[PDB]
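Please read the structure below before turning to the comments.
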Amino acid sequence: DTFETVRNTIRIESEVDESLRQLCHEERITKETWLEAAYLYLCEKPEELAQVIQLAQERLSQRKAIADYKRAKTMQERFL
Amino acid sequence: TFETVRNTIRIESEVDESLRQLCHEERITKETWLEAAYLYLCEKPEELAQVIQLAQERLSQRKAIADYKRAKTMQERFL
Numbered sequence: 077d078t079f080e081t082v083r084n085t086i087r088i089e090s091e092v093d094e095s096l097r098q099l100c101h102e103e104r105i106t107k108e109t110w111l112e113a114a115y116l117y118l119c120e121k122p123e124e125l126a127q128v129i130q131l132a133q134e135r136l137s138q139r140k141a142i143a144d145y146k147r148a149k150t151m152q153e154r155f156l
Numbered sequence: 078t079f080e081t082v083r084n085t086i087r088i089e090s091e092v093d094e095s096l097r098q099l100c101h102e103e104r105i106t107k108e109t110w111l112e113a114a115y116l117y118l119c120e121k122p123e124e125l126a127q128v129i130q131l132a133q134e135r136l137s138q139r140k141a142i143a144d145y146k147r148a149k150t151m152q153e154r155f156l
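Pasting the structure below:
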């Protein structure tokens with residue numbers, strides 16, 4: 077049947093990753109599959125997915141900060 | 078003429094705890110030191126441009142730390 081698969085590389089915060097990876101192992105699931113289940117479940121619970129979205133971009137905005145921190149702290153030692 | 082301006086300062090934690098340790102064991106106050114630091118470095122352009130650059134980063138540093146603090150704290154009750 078028509079069931080292709082698409083490959084992309086994913087980076088997750090360590091504390092969350094080694095907990096999701098533990099849940100996927102705790103229940104005989106795959107990381108790529110738990111994401112699929114969540115996305116299909118939330119996509120049909122729209123008032124709930126809206127909260128996930130704002131949480132996601134607030135995690136990305138959070139991510140830029142942790143990066144921009146090291147962006148500068150590295151640039152500091154180039155002068156200190 | 079001689080006047081003084083009363084600016085409130087917010088110094089990074091590790092450095093502040095180190096300047097106060099310097100001035101206490103030197104018979105100095107951190108504000109006179111700041112006067113001395115500026116008066117020294119401004120007469121020496123090439124080194125000024127460096128402490129400018131170190132500052133430019135020292136501020137980008139803390140303003141990035143500010144973006145993080147606000148992002149998590151809004152997540153914290155966003156659940």
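If you read the protein sequences in the order shown, they are chains H and G.
At position 65 of the first sequence the residue is numbered 141 (PDB author numbering), and the sequence of numbers has no breaks.
At position 36 of the second sequence the residue is numbered 113 (PDB author numbering), and the sequence of numbers has no breaks.
Don't be surprised by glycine CBs; every beta carbon is placed ideally from N, CA and C.
Decide if residue i is buried, meaning its Cβ has at least 16 other Cβ atoms within 10 Å, or exposed.
i              : result
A113 (chain H) : exposed
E80 (chain G)  : exposed
Could you round the C-beta distance between residue i and residue j to whole angstroms and report it? I think they count as a contact, below 8 angstroms.
i              : j              : result
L118 (chain H) : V128 (chain H) : 6 angstroms
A132 (chain G) : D144 (chain H) : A132 (chain G) to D144 (chain H), Cβ: 17 angstroms. No contact.
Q152 (chain H) : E124 (chain G) : At roughly 16 angstroms, the Cβ-Cβ gap does not stay under 8 angstroms, so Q152 (chain H) and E124 (chain G) are not in contact.
With distance defined between alpha-carbon atoms, name the residue in the options nearest to residue i.
i              : options                          : result
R139 (chain G) : H:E89, H:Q138, H:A148 and H:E103 : H:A148
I88 (chain H)  : H:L125, H:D77 and H:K107         : H:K107
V82 (chain G)  : G:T109, G:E94 and G:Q98          : G:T109
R154 (chain H) : G:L156, G:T150 and G:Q130        : G:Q130
Would you kindly report the start and end of the unbroken alpha helix (DSSP H) that includes residue i?
i              : result
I105 (chain G) : No alpha helix (DSSP H) holds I105 (chain G); DSSP gives it neither H nor E.
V128 (chain H) : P122 to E153
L99 (chain G)  : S90 to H101
Helix, strand or coil for residue i? Go by DSSP, reduced to three states.
i              : result
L156 (chain H) : coil
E80 (chain H)  : coil
Would you check whether the ligand SAH has a heavy atom nearer than 7 angstroms to the C-beta of residue i?
i              : result
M151 (chain G) : For the ligand SAH, the structure offers nothing, since it holds no ligand at all.
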